[PDB]
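**Student:** Have a look at the structure that comes next, please.
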Amino acid sequence: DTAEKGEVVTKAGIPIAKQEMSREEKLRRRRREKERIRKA
Amino acid sequence: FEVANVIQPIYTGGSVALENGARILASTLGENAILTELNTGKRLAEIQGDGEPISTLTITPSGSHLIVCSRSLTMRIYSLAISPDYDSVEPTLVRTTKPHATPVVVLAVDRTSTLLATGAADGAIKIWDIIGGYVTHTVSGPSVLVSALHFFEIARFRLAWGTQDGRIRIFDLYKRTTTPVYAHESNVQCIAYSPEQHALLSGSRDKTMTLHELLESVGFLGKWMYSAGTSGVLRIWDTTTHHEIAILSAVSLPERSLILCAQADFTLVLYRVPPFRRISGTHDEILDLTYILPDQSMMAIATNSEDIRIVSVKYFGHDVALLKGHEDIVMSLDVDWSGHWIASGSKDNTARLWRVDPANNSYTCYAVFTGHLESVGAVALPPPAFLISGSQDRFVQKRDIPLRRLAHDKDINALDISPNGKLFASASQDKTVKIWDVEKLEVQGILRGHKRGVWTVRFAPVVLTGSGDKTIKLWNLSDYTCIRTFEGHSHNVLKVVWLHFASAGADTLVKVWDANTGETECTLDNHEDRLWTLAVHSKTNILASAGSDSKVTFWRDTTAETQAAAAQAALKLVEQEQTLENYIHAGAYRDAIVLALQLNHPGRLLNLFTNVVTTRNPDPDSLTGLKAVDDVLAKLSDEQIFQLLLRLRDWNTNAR
Amino acid sequence: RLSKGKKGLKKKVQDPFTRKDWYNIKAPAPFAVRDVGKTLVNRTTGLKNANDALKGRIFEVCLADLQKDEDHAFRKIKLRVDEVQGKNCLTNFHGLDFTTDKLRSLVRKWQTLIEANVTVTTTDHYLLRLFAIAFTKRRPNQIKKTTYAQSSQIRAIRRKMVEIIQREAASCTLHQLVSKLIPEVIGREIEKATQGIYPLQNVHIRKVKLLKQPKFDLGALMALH
Amino acid sequence: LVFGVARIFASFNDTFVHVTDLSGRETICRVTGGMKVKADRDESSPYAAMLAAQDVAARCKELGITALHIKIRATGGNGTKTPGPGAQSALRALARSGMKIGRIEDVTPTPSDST
Amino acid sequence: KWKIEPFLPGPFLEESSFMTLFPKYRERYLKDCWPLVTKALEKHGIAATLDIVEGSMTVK
RNA sequence: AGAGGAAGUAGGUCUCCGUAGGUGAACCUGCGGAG
RNA sequence: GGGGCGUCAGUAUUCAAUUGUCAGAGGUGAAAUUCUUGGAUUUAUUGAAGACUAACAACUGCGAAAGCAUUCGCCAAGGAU
């Protein structure tokens, strides 16, 4: 809620941008968010 | 879409004032007060004022003060600061006082910059210092409405006032005694004085001046009297024998020898003393725009001023000419697609066809059409081929240049031709659109209906109907059904123009979109209250929007330019992202860190910083291990320092 | 803020107060003050000179500002104007009207009003109608609540009312008739002469209407002013 | 003090602030109630009457009469014989912005027998 | 748009006055309910008199 | 224009004085000066 | 303020005309239909038509009943004393 527009923040509290993030890490972050959504 | 440029009101209703520097000019629009240079025409400044309409303003011969008084009883003085460049000025307030119990209607400022006199509606008339708020002496008290004043000296100063009845009274400021002259029958409009001749001229509404048709402004130069009244003509008279040699106001510069005419068409005419240029004050309510020439340098606008004005688009404010053939109100307007023929429909029952001669000052109305008994509402054009005229009544007509029919029940609205001239459709208030054969008297069919009442049709070089509800439809020739329907407006639409589509509203917004998609592309929000008509540049995509408000806004397309900018931006982005990956792979941590701070994405910047603080072979004097990274951290800019700090708090959160 | 109109209806606005001039109004003879106001009329030229409109108009003005006495806050008079001078507007009597506030302020319950109308002609051949109203007097030292006159008594009162107003308005000219209308001599004499039939609380003349004036004579019309 | 006669037609649907000379013939300046309010619901409102009275008093003080005799009326034939809110609010705003008031009278058309 | 403000603060040249007439059975009740009426009309600034002899209420 | 197939991306106070006007002795406002 | 016939008025409404108009007016809880720069609604003055007789007007009057309220004239009739 207090991050920048282009960037995301991880669970570690570190800003990483969606542009510099690769395709494999994008897929893995989508899978982890979908795993949390399935848990809830 | 960006605003290419606007044309704006300069004058509406109130009093105009000229400084002895004939560059600057202060005029009124509504409640506001706007001052502009005359020669370059750009907007110097605009003071807002209070909510009530402004009554009277003046500027001193030295353009140092601007004194405004509204219809609410108030008076504000503004000091002005002019640079060597006359392009822009800043007005700042000095004094706000309430002069009398009634709002003042007349003001007069002396040739020197030290006294201004003001005259009210009850008759209480006073004199004030301009540099500081005084009443240096009150002169009459409230008797009858003061309609004129004049400051003069005899070669200490004296001031003359002319009342609402014919009473001219002169007093010395030092003697402080008023003496009338004989007194006069009706409303004296203005008083002027010649110091070369020791002579007072009084011009009045009973068509007389004392040492016609009407009188509004008289004055000297110079030995040549002048007069302006309801006749519309300025007349020049000799001083010594009475043989010679509407208008709301006229002032006398003559050291610069220009006389300004404030015509009650709300126009400003510059006359030379032995039509230099004219500037239209307000295009009051614009009924139709049509963008005319072969090269399209000169748009013809049409409004309530009982005539048409041709003003240039390629100084940008100068009107080339004025063309008057109609009698009542010019209502609609249409040009041939092959150049030189413009045609005008009117509240007068006559319609007409004018030539446009571009490389001359010649403009003629040489084709006229009697037609039917009601107002010719709209004109359409396929020497031109012929003319199709519509009507306030149901009588639609078609006539050739060197036939009638019944179409609808109510007043019809708009008319448009195809570029090949085989089809023709008409639109009206009884929710029908009618296409018919244009050569014979035959009918090709009928559009089924647009819910309330259809306002504008358009042909695609596919027919477009804009209606009285908040919808707009696209119909065909083949089935006579709507192909497309669109919503999204908040009032009437009143004009649909083809691109190279766009639609104005009556909800002051003009919006563009495309037909095969069918969803809204962009919306445009410049204007004041209303919007009426749209013209288009025929070569490129430039939209000219005008309405009941007097401003006309010119928009140009920028989509190709911003697409080229986004394309080259993505080119530069992929190039510098690859050189960042190259510097990371090569181990050039310095230029890698510079390029990462430029590319603003930090997940790689953190890895570069962990590497440079653990390089395993650090320089002993260096702060972060590398002298080059020390150099860039020393030579960082302010925005890069602040963005680095905004990343440093996020890296400082993590204990790793 | 947003307009509402149809296509091409707002004409260019012209100033209507260039063509207007003021004209002071003088009242006729029997009123106390003469300057009563000022009228904004159109500017004279060919094709309807403004003196025709000034001959046409009438004014309605109260009697308090005429007599300078606020006893007559009611009884609004009407002034025709038939003559014009230089910056001047000479007037004549046309009618005399109450205010409807006093017409409500006079009617009470349990008492009778008697109304009477006459069409009388003065010696200057002006026909005019006089409408008189007369409310019944509640006698002091009485106990009964209703002061009702009988119907035959009302008819006798109305007969004496029309006899008085005819006999005391047929003999004088219009200027003497207005000079008798101003301090209400007629209502006083009706009150004095009807009290042998049934006493009347207040007799007023509520309307005077001038129907026809067959003469335009500047001699008598200026002998007024 | 030049007395102009202000006809205030206060109905329930719209209020008419109208200013004439002493004759009744020559209209000086009128501002209706609905031309100052965007809503036909709130066309007859004290705010509408206040705006209309302020505009009328501003125009008549630009002309310099500064004194009015006020005649208030309503729909009186088969109507209500009572003025709406426009009368009270227009007279309040009219004398609150200058305008020494002279004589007030409520001249409603009262039928002797209508239907 | 509909709310009306109380008047915060000589607006009369001719001293206006109105009258109405009442009968006797109302004269009793008006005579012993009048001080409330003239109290509130004095708070509004208008003098209110009652006349039991003629039977007339006047405001001025 | 078409159902499918396969794929990718997501800043002048106070006081005084001289003025000019206001409703006048005084007093108020505005200005120009001195403490 | 019982009935018939005539007559006299009074406003108000509608319609029309003459001016001043100059943007809405009208309805509604909101709206809409409608009338609206050839000028609606409004302001003033006249003219015509049809209707009805405010306030007075009631723990009343008259008529057998329904009913009957502008003034004046005529015509018979009726009640009580």
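Starting from 1 in every chain, residues are counted up; chains themselves are A, B, ... following the order of the structure tokens, and ligands are numbered from 1 as listed.
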As a VMD selection string, which residues of chain A does DSSP assign to strand (DSSP E)?
**Tutor:** chain A and resid 7 to 9 15 to 17
**Student:** Neighbours of residue 70 in chain G within 10 Å (only C-alpha atoms (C1' of nucleotides); same-chain residues fewer than 4 positions away dropped), as number ranges by chain?
**Tutor:** C: 115; G: 8-10, 53
**Student:** Could you take the residues named above and write them with N, CA, C and O atoms (P, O5', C5', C4', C3', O3' and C1' of nucleotides), as a PDB file, in the first residue's frame?
**Tutor:**
```
ATOM      1  N   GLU C 115     -74.080  49.451  -0.163  1.00  0.00           N
ATOM      2  CA  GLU C 115     -73.335  49.932  -1.312  1.00  0.00           C
ATOM      3  C   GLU C 115     -74.293  50.662  -2.235  1.00  0.00           C
ATOM      4  O   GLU C 115     -75.473  50.306  -2.316  1.00  0.00           O
TER       5      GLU C 115
ATOM      6  P     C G   8     -78.856  48.095 -19.194  1.00  0.00           P
ATOM      7  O5'   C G   8     -78.179  48.558 -17.834  1.00  0.00           O
ATOM      8  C5'   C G   8     -78.494  49.817 -17.261  1.00  0.00           C
ATOM      9  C4'   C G   8     -78.101  49.870 -15.809  1.00  0.00           C
ATOM     10  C3'   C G   8     -76.706  49.377 -15.499  1.00  0.00           C
ATOM     11  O3'   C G   8     -75.701  50.313 -15.823  1.00  0.00           O
ATOM     12  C1'   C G   8     -78.211  48.472 -13.931  1.00  0.00           C
ATOM     13  P     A G   9     -74.424  49.811 -16.644  1.00  0.00           P
ATOM     14  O5'   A G   9     -73.661  48.894 -15.599  1.00  0.00           O
ATOM     15  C5'   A G   9     -72.550  49.415 -14.899  1.00  0.00           C
ATOM     16  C4'   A G   9     -72.564  49.061 -13.436  1.00  0.00           C
ATOM     17  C3'   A G   9     -71.447  48.149 -12.994  1.00  0.00           C
ATOM     18  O3'   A G   9     -70.243  48.854 -12.797  1.00  0.00           O
ATOM     19  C1'   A G   9     -73.481  47.401 -12.073  1.00  0.00           C
ATOM     20  P     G G  10     -68.912  48.349 -13.519  1.00  0.00           P
ATOM     21  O5'   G G  10     -68.122  47.633 -12.344  1.00  0.00           O
ATOM     22  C5'   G G  10     -68.403  47.951 -10.992  1.00  0.00           C
ATOM     23  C4'   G G  10     -68.279  46.738 -10.122  1.00  0.00           C
ATOM     24  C3'   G G  10     -67.134  45.817 -10.479  1.00  0.00           C
ATOM     25  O3'   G G  10     -65.916  46.264  -9.912  1.00  0.00           O
ATOM     26  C1'   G G  10     -69.112  44.557 -10.127  1.00  0.00           C
ATOM     27  P     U G  53     -74.731  33.083  -8.123  1.00  0.00           P
ATOM     28  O5'   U G  53     -74.129  34.403  -7.462  1.00  0.00           O
ATOM     29  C5'   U G  53     -73.187  34.328  -6.397  1.00  0.00           C
ATOM     30  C4'   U G  53     -72.396  35.606  -6.244  1.00  0.00           C
ATOM     31  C3'   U G  53     -72.999  36.649  -5.315  1.00  0.00           C
ATOM     32  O3'   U G  53     -71.935  37.375  -4.715  1.00  0.00           O
ATOM     33  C1'   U G  53     -72.754  37.576  -7.453  1.00  0.00           C
TER      34        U G  53
END
```
**Student:** Which distance in Å separates CA of residue 76 in chain C and CA of residue 57 in chain E, to one decimal?
**Tutor:**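 Going from CA of residue 76 in chain C over to CA of residue 57 in chain E, I get 22.2 Å.
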**Student:** Can you tell me which residues surround residue 17 in chain E at a distance of at most 10 Å, considering only C-alpha atoms (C1' of nucleotides), apart from same-chain residues fewer than 6 positions away, and format the answer as a list in words?
**Tutor:**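 The neighbour list is residues 70 and 73 of chain C; 103 and 104 of chain D; 46, 47, 48, 58, 59 and 60 of chain E.
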**Student:** Which residue, B:530, B:212, B:537, B:352, has the smallest gap to chain C when you use only C-alpha atoms?
**Tutor:** B:530
**Student:** Do you have, as a tab-separated table, the list of residues of chain B lying at most 12 Å from chain G, each with its nearest atom pair and that distance in Å to one decimal, counting only C-alpha atoms (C1' of nucleotides) and ordered by chain then number?
**Tutor:**
```
residue	atom	partner	partner_atom	distance
B:304	CA	G:37	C1'	11.5
B:328	CA	G:37	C1'	10.8
B:329	CA	G:37	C1'	10.8
B:347	CA	G:37	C1'	10.5
B:348	CA	G:38	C1'	11.7
B:374	CA	G:38	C1'	10.3
B:375	CA	G:38	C1'	11.1
```
**Student:** Deliver the residues from the most recent selection as a file, using C-alpha atoms, as a tab-separated table (two decimals), in the first residue's frame.
**Tutor:**
```tsv
chain	number	residue	atom	x	y	z
B	304	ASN	CA	-25.86	36.82	-34.54
B	328	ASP	CA	-31.81	39.02	-40.13
B	329	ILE	CA	-29.32	36.46	-38.67
B	347	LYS	CA	-33.11	33.67	-40.45
B	348	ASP	CA	-33.96	35.86	-43.40
B	374	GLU	CA	-39.72	30.79	-43.79
B	375	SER	CA	-36.11	30.94	-42.65
```
**Student:** Can you pull out the residues contacting range 4-21 of chain A? Cut-off 9 Å, using only C-alpha atoms (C1' of nucleotides), and skip same-chain residues under 5 positions away; I want them as an MDAnalysis selection string.
**Tutor:** (chainID A and resid 26) or (chainID B and resid 577 600:604 647 650:651 653:654)
**Student:** Contacts of range 28-35 of chain E at 9 Å or less, counting only C-alpha atoms (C1' of nucleotides), minus same-chain residues fewer than 5 places along, as a list in words?
**Tutor:**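 So the residues in contact are residues 40, 49, 50 and 52 of chain E.
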**Student:** Residues of chain E were defined as contacting chain D if any atom lay at most 10 Å from it, counting only C-alpha atoms; please report them as a PyMOL selection string.
**Tutor:** chain E and resi 1-17
**Student:** Can those selected residues be exported to a file as a PDB file, in the first residue's frame so that it contains C-alpha atoms?
**Tutor:**
```
ATOM      1  CA  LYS E   1     -31.287  26.664  -1.692  1.00  0.00           C
ATOM      2  CA  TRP E   2     -34.431  26.740   0.441  1.00  0.00           C
ATOM      3  CA  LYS E   3     -33.247  27.843   3.887  1.00  0.00           C
ATOM      4  CA  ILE E   4     -33.810  31.464   4.874  1.00  0.00           C
ATOM      5  CA  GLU E   5     -31.530  33.483   7.143  1.00  0.00           C
ATOM      6  CA  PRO E   6     -32.747  35.850   9.869  1.00  0.00           C
ATOM      7  CA  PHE E   7     -32.262  39.542   9.166  1.00  0.00           C
ATOM      8  CA  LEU E   8     -29.061  40.763  10.812  1.00  0.00           C
ATOM      9  CA  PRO E   9     -29.439  44.548  11.071  1.00  0.00           C
ATOM     10  CA  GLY E  10     -33.997  53.341   7.944  1.00  0.00           C
ATOM     11  CA  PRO E  11     -35.527  51.294   5.124  1.00  0.00           C
ATOM     12  CA  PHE E  12     -38.947  52.990   5.290  1.00  0.00           C
ATOM     13  CA  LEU E  13     -39.669  56.506   4.044  1.00  0.00           C
ATOM     14  CA  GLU E  14     -43.459  56.545   4.261  1.00  0.00           C
ATOM     15  CA  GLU E  15     -44.491  55.248   7.676  1.00  0.00           C
ATOM     16  CA  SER E  16     -46.600  52.233   6.721  1.00  0.00           C
ATOM     17  CA  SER E  17     -49.571  51.100   8.782  1.00  0.00           C
TER      18      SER E  17
END
```
**Student:** Name the residues of chain E that come out as helix (DSSP H, G or I) in a backbone DSSP run; write them as a PDB file with N, CA and C atoms, in the first residue's frame.
**Tutor:**
```pdb
ATOM      1  N   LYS E  24     -66.927  41.820  19.070  1.00  0.00           N
ATOM      2  CA  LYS E  24     -66.766  41.968  20.520  1.00  0.00           C
ATOM      3  C   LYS E  24     -66.305  40.678  21.194  1.00  0.00           C
ATOM      4  N   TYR E  25     -66.823  39.535  20.739  1.00  0.00           N
ATOM      5  CA  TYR E  25     -66.440  38.260  21.332  1.00  0.00           C
ATOM      6  C   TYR E  25     -64.972  37.951  21.096  1.00  0.00           C
ATOM      7  N   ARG E  26     -64.398  38.501  20.030  1.00  0.00           N
ATOM      8  CA  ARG E  26     -62.965  38.513  19.836  1.00  0.00           C
ATOM      9  C   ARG E  26     -62.278  39.649  20.574  1.00  0.00           C
ATOM     10  N   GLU E  27     -63.005  40.727  20.897  1.00  0.00           N
ATOM     11  CA  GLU E  27     -62.421  41.847  21.635  1.00  0.00           C
ATOM     12  C   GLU E  27     -62.010  41.431  23.038  1.00  0.00           C
ATOM     13  N   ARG E  28     -62.808  40.571  23.682  1.00  0.00           N
ATOM     14  CA  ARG E  28     -62.438  40.056  25.007  1.00  0.00           C
ATOM     15  C   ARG E  28     -61.127  39.264  24.965  1.00  0.00           C
ATOM     16  N   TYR E  29     -61.053  38.278  24.061  1.00  0.00           N
ATOM     17  CA  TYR E  29     -59.883  37.411  23.984  1.00  0.00           C
ATOM     18  C   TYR E  29     -58.652  38.175  23.533  1.00  0.00           C
ATOM     19  N   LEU E  30     -58.822  39.125  22.620  1.00  0.00           N
ATOM     20  CA  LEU E  30     -57.691  39.924  22.187  1.00  0.00           C
ATOM     21  C   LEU E  30     -57.213  40.852  23.290  1.00  0.00           C
ATOM     22  N   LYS E  31     -58.130  41.339  24.134  1.00  0.00           N
ATOM     23  CA  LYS E  31     -57.731  42.216  25.226  1.00  0.00           C
ATOM     24  C   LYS E  31     -56.905  41.468  26.257  1.00  0.00           C
ATOM     25  N   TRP E  34     -53.337  40.191  24.237  1.00  0.00           N
ATOM     26  CA  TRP E  34     -52.537  41.202  23.554  1.00  0.00           C
ATOM     27  C   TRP E  34     -51.082  41.425  23.987  1.00  0.00           C
ATOM     28  N   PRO E  35     -50.678  41.329  25.271  1.00  0.00           N
ATOM     29  CA  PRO E  35     -49.265  41.631  25.589  1.00  0.00           C
ATOM     30  C   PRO E  35     -48.245  40.675  24.999  1.00  0.00           C
ATOM     31  N   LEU E  36     -48.625  39.424  24.752  1.00  0.00           N
ATOM     32  CA  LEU E  36     -47.771  38.510  24.003  1.00  0.00           C
ATOM     33  C   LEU E  36     -47.548  39.017  22.582  1.00  0.00           C
ATOM     34  N   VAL E  37     -48.621  39.516  21.961  1.00  0.00           N
ATOM     35  CA  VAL E  37     -48.577  39.988  20.585  1.00  0.00           C
ATOM     36  C   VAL E  37     -47.701  41.224  20.468  1.00  0.00           C
ATOM     37  N   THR E  38     -47.902  42.206  21.351  1.00  0.00           N
ATOM     38  CA  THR E  38     -47.097  43.412  21.257  1.00  0.00           C
ATOM     39  C   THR E  38     -45.677  43.193  21.748  1.00  0.00           C
ATOM     40  N   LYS E  39     -45.436  42.183  22.589  1.00  0.00           N
ATOM     41  CA  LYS E  39     -44.065  41.844  22.958  1.00  0.00           C
ATOM     42  C   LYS E  39     -43.293  41.310  21.761  1.00  0.00           C
ATOM     43  N   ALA E  40     -43.880  40.358  21.030  1.00  0.00           N
ATOM     44  CA  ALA E  40     -43.168  39.803  19.882  1.00  0.00           C
ATOM     45  C   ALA E  40     -43.082  40.805  18.734  1.00  0.00           C
ATOM     46  N   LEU E  41     -44.098  41.649  18.573  1.00  0.00           N
ATOM     47  CA  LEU E  41     -43.999  42.659  17.532  1.00  0.00           C
ATOM     48  C   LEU E  41     -43.056  43.793  17.913  1.00  0.00           C
ATOM     49  N   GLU E  42     -42.812  44.015  19.207  1.00  0.00           N
ATOM     50  CA  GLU E  42     -41.753  44.937  19.594  1.00  0.00           C
ATOM     51  C   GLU E  42     -40.383  44.319  19.384  1.00  0.00           C
ATOM     52  N   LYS E  43     -40.277  42.994  19.521  1.00  0.00           N
ATOM     53  CA  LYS E  43     -39.027  42.326  19.165  1.00  0.00           C
ATOM     54  C   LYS E  43     -38.779  42.367  17.663  1.00  0.00           C
ATOM     55  N   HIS E  44     -39.836  42.466  16.864  1.00  0.00           N
ATOM     56  CA  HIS E  44     -39.656  42.647  15.427  1.00  0.00           C
ATOM     57  C   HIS E  44     -39.577  44.109  15.001  1.00  0.00           C
TER      58      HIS E  44
END
```
**Student:** Give me the residues within 8 Å of residue 1 in chain G as a PDB file with N, CA, C and O atoms (P, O5', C5', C4', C3', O3' and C1' of nucleotides), in the first residue's frame, counting only C-alpha atoms (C1' of nucleotides) and dropping any in the same chain fewer than 4 places off.
**Tutor:**
```pdb
ATOM      1  P     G G  61     -85.351  32.622  11.336  1.00  0.00           P
ATOM      2  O5'   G G  61     -85.435  33.547  10.043  1.00  0.00           O
ATOM      3  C5'   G G  61     -85.802  34.913  10.150  1.00  0.00           C
ATOM      4  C4'   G G  61     -85.940  35.556   8.794  1.00  0.00           C
ATOM      5  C3'   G G  61     -86.912  34.886   7.842  1.00  0.00           C
ATOM      6  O3'   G G  61     -88.251  35.264   8.086  1.00  0.00           O
ATOM      7  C1'   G G  61     -84.895  35.335   6.713  1.00  0.00           C
ATOM      8  P     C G  68     -80.553  27.929  -5.839  1.00  0.00           P
ATOM      9  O5'   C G  68     -81.213  29.305  -5.392  1.00  0.00           O
ATOM     10  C5'   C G  68     -82.278  29.877  -6.134  1.00  0.00           C
ATOM     11  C4'   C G  68     -82.908  31.014  -5.376  1.00  0.00           C
ATOM     12  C3'   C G  68     -81.947  32.023  -4.789  1.00  0.00           C
ATOM     13  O3'   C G  68     -81.498  32.955  -5.752  1.00  0.00           O
ATOM     14  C1'   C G  68     -83.609  31.466  -3.194  1.00  0.00           C
ATOM     15  P     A G  69     -79.976  32.932  -6.257  1.00  0.00           P
ATOM     16  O5'   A G  69     -79.170  33.531  -5.031  1.00  0.00           O
ATOM     17  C5'   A G  69     -78.196  34.541  -5.241  1.00  0.00           C
ATOM     18  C4'   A G  69     -78.618  35.838  -4.609  1.00  0.00           C
ATOM     19  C3'   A G  69     -77.528  36.895  -4.549  1.00  0.00           C
ATOM     20  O3'   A G  69     -78.122  38.183  -4.644  1.00  0.00           O
ATOM     21  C1'   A G  69     -78.165  36.295  -2.355  1.00  0.00           C
TER      22        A G  69
END
```
**Student:** Show me, as an MDAnalysis selection string, the residues of chain C whose atoms get within 7 Å of chain B, using only C-alpha atoms for the distance check.
**Tutor:** chainID C and resid 1:2 8 11:12
**Student:** Okay, now the selection with N, CA and C atoms, as a PDB file, in the first residue's frame?
**Tutor:**
```pdb
ATOM      1  N   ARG C   1     -26.459  29.519 -15.918  1.00  0.00           N
ATOM      2  CA  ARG C   1     -25.078  29.332 -16.342  1.00  0.00           C
ATOM      3  C   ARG C   1     -25.026  28.667 -17.713  1.00  0.00           C
ATOM      4  N   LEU C   2     -25.711  27.538 -17.843  1.00  0.00           N
ATOM      5  CA  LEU C   2     -25.918  26.878 -19.120  1.00  0.00           C
ATOM      6  C   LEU C   2     -27.216  27.386 -19.727  1.00  0.00           C
ATOM      7  N   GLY C   8     -30.261  29.442 -32.914  1.00  0.00           N
ATOM      8  CA  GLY C   8     -30.380  30.765 -33.492  1.00  0.00           C
ATOM      9  C   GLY C   8     -31.553  31.566 -32.982  1.00  0.00           C
ATOM     10  N   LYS C  11     -30.787  37.040 -30.138  1.00  0.00           N
ATOM     11  CA  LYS C  11     -30.280  38.123 -30.961  1.00  0.00           C
ATOM     12  C   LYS C  11     -29.224  38.910 -30.198  1.00  0.00           C
ATOM     13  N   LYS C  12     -28.463  39.711 -30.940  1.00  0.00           N
ATOM     14  CA  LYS C  12     -27.491  40.597 -30.316  1.00  0.00           C
ATOM     15  C   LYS C  12     -28.217  41.667 -29.516  1.00  0.00           C
TER      16      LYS C  12
END
```
**Student:** Please indicate the distance in Å from CA of residue 372 in chain B to CA of residue 325 in chain B, rounded to one decimal place.
**Tutor:**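 Calculated distance between CA of residue 372 in chain B and CA of residue 325 in chain B is 17.8 Å.
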**Student:** Find the residues near residue 11 in chain G: any atom within 8 Å, counting only C-alpha atoms (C1' of nucleotides), skip ones fewer than 6 places away on the same chain, and give them as a list in words.
**Tutor:**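 With the cut-off at 8 Å, the set is residues 110, 111, 112 and 113 of chain D.
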**Student:** Write out the residues from the selection above, keeping N, CA, C and O atoms, as a PDB file, in the first residue's frame.
**Tutor:**
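selection-v1.pdb, written as the output of this step:
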```pdb
ATOM      1  N   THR D 110     -58.721  40.045  -6.787  1.00  0.00           N
ATOM      2  CA  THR D 110     -59.734  39.354  -5.998  1.00  0.00           C
ATOM      3  C   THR D 110     -61.056  39.355  -6.747  1.00  0.00           C
ATOM      4  O   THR D 110     -61.665  40.423  -6.909  1.00  0.00           O
ATOM      5  N   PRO D 111     -61.541  38.210  -7.206  1.00  0.00           N
ATOM      6  CA  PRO D 111     -62.796  38.186  -7.952  1.00  0.00           C
ATOM      7  C   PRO D 111     -64.003  38.378  -7.053  1.00  0.00           C
ATOM      8  O   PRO D 111     -64.061  37.876  -5.930  1.00  0.00           O
ATOM      9  N   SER D 112     -64.974  39.131  -7.566  1.00  0.00           N
ATOM     10  CA  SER D 112     -66.240  39.268  -6.858  1.00  0.00           C
ATOM     11  C   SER D 112     -67.058  37.989  -6.940  1.00  0.00           C
ATOM     12  O   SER D 112     -67.785  37.664  -6.001  1.00  0.00           O
ATOM     13  N   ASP D 113     -66.966  37.270  -8.062  1.00  0.00           N
ATOM     14  CA  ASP D 113     -67.525  35.922  -8.183  1.00  0.00           C
ATOM     15  C   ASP D 113     -66.874  35.285  -9.409  1.00  0.00           C
ATOM     16  O   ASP D 113     -67.059  35.774 -10.526  1.00  0.00           O
TER      17      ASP D 113
END
```
**Student:** Rounded to one decimal in Å, what is the spacing between CA of residue 180 in chain B and CA of residue 221 in chain B?
**Tutor:**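 Calculated distance between CA of residue 180 in chain B and CA of residue 221 in chain B is 25.1 Å.
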**Student:** Taking only C-alpha atoms into account, report as a short mmCIF file (atom, residue, chain, number, x, y, z; two decimals) with N, CA, C and O atoms, in the first residue's frame which residues of chain C lie within 7 Å of chain D.
**Tutor:**
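Printed below is part_18.cif as written:
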```cif
data_model
loop_
_atom_site.label_atom_id
_atom_site.label_comp_id
_atom_site.auth_asym_id
_atom_site.auth_seq_id
_atom_site.Cartn_x
_atom_site.Cartn_y
_atom_site.Cartn_z
N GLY C 37 -43.34 62.98 -9.40
CA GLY C 37 -42.47 61.91 -9.81
C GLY C 37 -41.80 62.19 -11.13
O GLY C 37 -41.51 63.34 -11.47
N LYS C 38 -41.56 61.11 -11.87
CA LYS C 38 -40.77 61.16 -13.10
C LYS C 38 -41.06 59.90 -13.90
O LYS C 38 -41.13 58.81 -13.33
N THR C 39 -41.23 60.06 -15.21
CA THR C 39 -41.59 58.95 -16.10
C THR C 39 -40.54 58.79 -17.19
O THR C 39 -40.19 59.76 -17.87
N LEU C 40 -40.06 57.57 -17.35
CA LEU C 40 -39.12 57.19 -18.39
C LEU C 40 -39.91 56.78 -19.63
O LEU C 40 -40.56 55.74 -19.64
N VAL C 41 -39.86 57.61 -20.67
CA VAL C 41 -40.57 57.33 -21.91
C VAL C 41 -39.54 57.23 -23.03
O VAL C 41 -38.38 57.62 -22.88
N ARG C 57 -50.68 57.40 -21.71
CA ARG C 57 -50.45 56.77 -20.41
C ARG C 57 -51.30 57.39 -19.31
O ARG C 57 -51.80 58.51 -19.43
N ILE C 58 -51.51 56.62 -18.23
CA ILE C 58 -52.09 57.10 -16.99
C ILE C 58 -51.16 56.69 -15.86
O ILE C 58 -50.34 55.78 -15.99
N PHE C 59 -51.29 57.38 -14.73
CA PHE C 59 -50.53 57.08 -13.53
C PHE C 59 -51.49 56.74 -12.40
O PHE C 59 -52.66 57.13 -12.41
N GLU C 60 -50.97 56.04 -11.40
CA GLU C 60 -51.73 55.74 -10.18
C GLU C 60 -50.85 56.13 -9.00
O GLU C 60 -49.76 55.59 -8.84
#
```
**Student:** List every residue of range 273-323 of chain B that has an atom at most 12 Å from any atom of range 19-36 of chain B, and for each one report the closest atom pair and its distance in Å to one decimal, counting only C-alpha atoms, with rows sorted by chain and then by increasing residue number, as CSV.
**Tutor:**
```
residue,atom,partner,partner_atom,distance
B:279,CA,B:36,CA,11.7
B:281,CA,B:29,CA,9.0
B:282,CA,B:29,CA,8.6
B:283,CA,B:29,CA,11.9
B:284,CA,B:29,CA,11.3
```
